[PDB]
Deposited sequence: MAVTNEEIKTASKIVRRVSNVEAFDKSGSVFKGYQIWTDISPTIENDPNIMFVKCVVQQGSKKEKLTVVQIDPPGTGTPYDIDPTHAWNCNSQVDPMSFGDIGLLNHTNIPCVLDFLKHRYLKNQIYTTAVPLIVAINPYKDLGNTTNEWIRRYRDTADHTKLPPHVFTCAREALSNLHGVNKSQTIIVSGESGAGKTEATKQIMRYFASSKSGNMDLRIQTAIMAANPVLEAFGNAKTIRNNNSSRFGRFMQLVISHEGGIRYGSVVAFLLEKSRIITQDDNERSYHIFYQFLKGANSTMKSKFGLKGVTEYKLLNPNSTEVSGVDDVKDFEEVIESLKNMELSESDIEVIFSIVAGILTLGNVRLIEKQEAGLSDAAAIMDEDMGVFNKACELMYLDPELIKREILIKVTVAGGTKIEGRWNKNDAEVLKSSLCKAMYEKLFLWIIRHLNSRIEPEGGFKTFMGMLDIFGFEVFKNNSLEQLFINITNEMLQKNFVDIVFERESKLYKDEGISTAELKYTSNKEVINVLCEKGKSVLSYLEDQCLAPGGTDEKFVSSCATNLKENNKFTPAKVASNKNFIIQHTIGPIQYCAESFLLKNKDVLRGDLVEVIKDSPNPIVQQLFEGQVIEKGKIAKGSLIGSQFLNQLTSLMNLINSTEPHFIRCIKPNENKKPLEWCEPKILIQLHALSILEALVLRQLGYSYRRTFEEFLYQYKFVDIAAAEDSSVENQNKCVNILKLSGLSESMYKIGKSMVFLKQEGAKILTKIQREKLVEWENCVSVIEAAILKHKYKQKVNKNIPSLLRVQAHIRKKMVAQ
């Protein structure tokens, strides 16, 4: 449902740039002239709609247009809009006829939305805004990613003659990699439920399709087998996505030039630990718990003492069932996949023993024992506790002491005491979370030990599947980390666009002094610079006795004045603050920041786990340092991960897939314009258009220019005496363009967009005596085209007409 906060932010993104040319030199309205506007009862009444199409009426005035809405259908009523509420319209263009948004005459917001929409309603869900690929979730199987479409995009001689697709990106990336021996990274971003993980798997399947076999099938099978396993352990049903990834995924892959994955390496970061302890309503925990409890056979349930999905504290008893999701069939696939990852049957039984032990431990109840206030395991549940630790291959007595016995330092003396109930529950809970997270990461380390190359990667295909910018009502620490990640990726995007444009200008002799670059250096620094940043002061406060959320906030406001990018909050300034992210201000709540940042199992508990006699459980925490140090802080560990990850990505040629969720109802063919526009903005699709249009954005070879612009000055263009490069100079000099509107390169004519549009009108003016001939030829062919489309559906029509005449008899 469209929130009034969503209408508010969507209307801030809305801008009006170019002027509407509704009048001729006479001052009369062009007969039938069409515009977009955001003023319409249709728009007040339907929150899915932000603009409507109207005809300007004979008699309007330049300062106040009189218009009548035509699409969606209206009343015929004239009404008046200020020109700043009218937008040019691409009235006669077929949106299916080309793949990039920037080929439209007008790329204002209502025009962009309408172009994507009509493509999408025809199931063409992929569109470019170079270098971006836009992918709109169709919420149905379109049939466009089968093996037959892989083979089509792979084996077609000229793939640029196919429509945009994620396979176009997979092919062009693999081709460059093998073409110039350069690593590549495909970066897939977007909000929850937009389609990033599906896109990722589609691309993976393309890369796994070899023209003539893969001798390393064993390793490819393990890599592909990991998708259901990573989804089971790391994905959960939320309100926005029945299959929400609750981690970011980075992969490296080695792929033969004809297809087939030969090596790989997987990385998961930012796992939502809290999900395993509690879940909002209508939401589940990680799929694996439900797969396991419903899918385990009677011998495994009896062995582990398993109860039903509705009988575990850690599992929301009311959301256990997800429509369209068969957890039993999913479990069978997970068990098959673990085998394909070269885990033995014994290995797999340990894995699910640990899973059953975490669940069982969650069901152990504690009580307040007062004789100071101490905690104890309810005597009724002591056996449940012991079975939980047995299932985890953990020492039951030592695990007990760590949850119940406290050691405090007062003065400079160690004083044994007792955790109270609340604290002991936190400790029991943190053991559950830590065991689950380390088991996930252990499964990945096992996978990597089977698929990685011995000596590291020479050249590799990267793939990142991560949350895009997130702006929620309550933004917390998890959102901060996500939005820092996306500032790093934004920079990767603006840098590669600049690098590539600068290189082309230089290779062609054109001056780069006119090139623009929108740095986000200041905001990255305010977030990450050592000593002078939010992450620096979150760390300091964590490492300080008597640190507080509010002191963290306070220390930030006082020390980060020298840049606008930090802004204290007007409302509740004590525990809230605002960052000026590239996509706009985002408000975070520091409440619990220090808590969440310290939520890492440390200390003697980790040493009890490492002492397990079971080899897998010993490895869960392998090599962890004994202990509060910053090496145990989520924010400090996260920034190390991020920096390492971006150094790797920045060493590659990036590709950007930007996924869009078109409505919040998981439905096909439903288009919510305010939600989509908000995503156009947060994905930098509108910005990518701007960036590309700037400067001398039109380039063509001398003979391309001449094939395109012969009739600007047909004389100069058909002079055999003068050379091609010199013909272009002649034509351009005689055209009337200002010197500022074009430059001649080594091999190309550079034009500003405005310059190319003028030259197009100039050529048409020189051809005015063909206007009527071409108009009639065109219209007559279009009528033929429209009739052929009808003829396809006539057999169907006969069936409708036939049944009508049947019902007539039956009456």
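Of the deposited sequence, positions 1, 373-375, 632-634 lack any modelled C-alpha atom.
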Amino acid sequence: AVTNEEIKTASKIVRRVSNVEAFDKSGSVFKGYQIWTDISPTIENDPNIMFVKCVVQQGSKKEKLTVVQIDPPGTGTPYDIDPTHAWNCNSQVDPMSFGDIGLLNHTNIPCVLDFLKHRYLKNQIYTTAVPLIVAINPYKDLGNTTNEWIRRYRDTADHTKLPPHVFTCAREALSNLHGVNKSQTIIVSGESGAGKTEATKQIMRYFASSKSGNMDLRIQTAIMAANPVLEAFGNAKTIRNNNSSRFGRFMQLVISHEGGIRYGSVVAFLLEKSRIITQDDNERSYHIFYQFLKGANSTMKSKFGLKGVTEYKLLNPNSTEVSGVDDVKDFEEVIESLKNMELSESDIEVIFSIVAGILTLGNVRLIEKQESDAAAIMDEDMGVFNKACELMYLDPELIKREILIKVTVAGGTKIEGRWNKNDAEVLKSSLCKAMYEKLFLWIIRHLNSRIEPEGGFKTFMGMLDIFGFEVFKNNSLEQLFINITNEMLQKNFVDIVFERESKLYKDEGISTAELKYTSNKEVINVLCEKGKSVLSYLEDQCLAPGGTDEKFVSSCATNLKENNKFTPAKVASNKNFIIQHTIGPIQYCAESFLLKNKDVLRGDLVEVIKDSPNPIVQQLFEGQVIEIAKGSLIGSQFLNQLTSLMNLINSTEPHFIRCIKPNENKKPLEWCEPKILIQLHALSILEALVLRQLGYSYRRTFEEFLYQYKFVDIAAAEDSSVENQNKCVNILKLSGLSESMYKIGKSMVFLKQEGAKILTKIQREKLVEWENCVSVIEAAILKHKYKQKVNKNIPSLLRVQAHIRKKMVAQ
From here on, numbers count along this sequence of modelled residues.
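When the two stretches 759-767 and 38-46 are set side by side, the higher mean Cα temperature factor goes to 759-767. The question of which stretch, 699-707 or 252-260, has the higher mean Cα B factor is settled in favour of 699-707. Looking only at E664, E562, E198, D495, the residue with the top Cα B factor in the deposited structure is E562. Across the options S245, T77, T84, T408, the residue with the most elevated CA B-factor in the record is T408.
Annotation for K307: CA B-factor lies in the middle third of the chain's modelled residues. When the CA B factors of the chain's modelled residues are split into thirds, the value for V267 lands in the lowest one.
Sort the chain's modelled residues by C-alpha temperature factor and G59 lands in the middle third, per the entry. In this PDB entry, the Cα temperature factor of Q69 sits in the bottom third of its chain's modelled residues, the lowest group. Split the chain's modelled residues into thirds by C-alpha temperature factor. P674 is in the lowest one.
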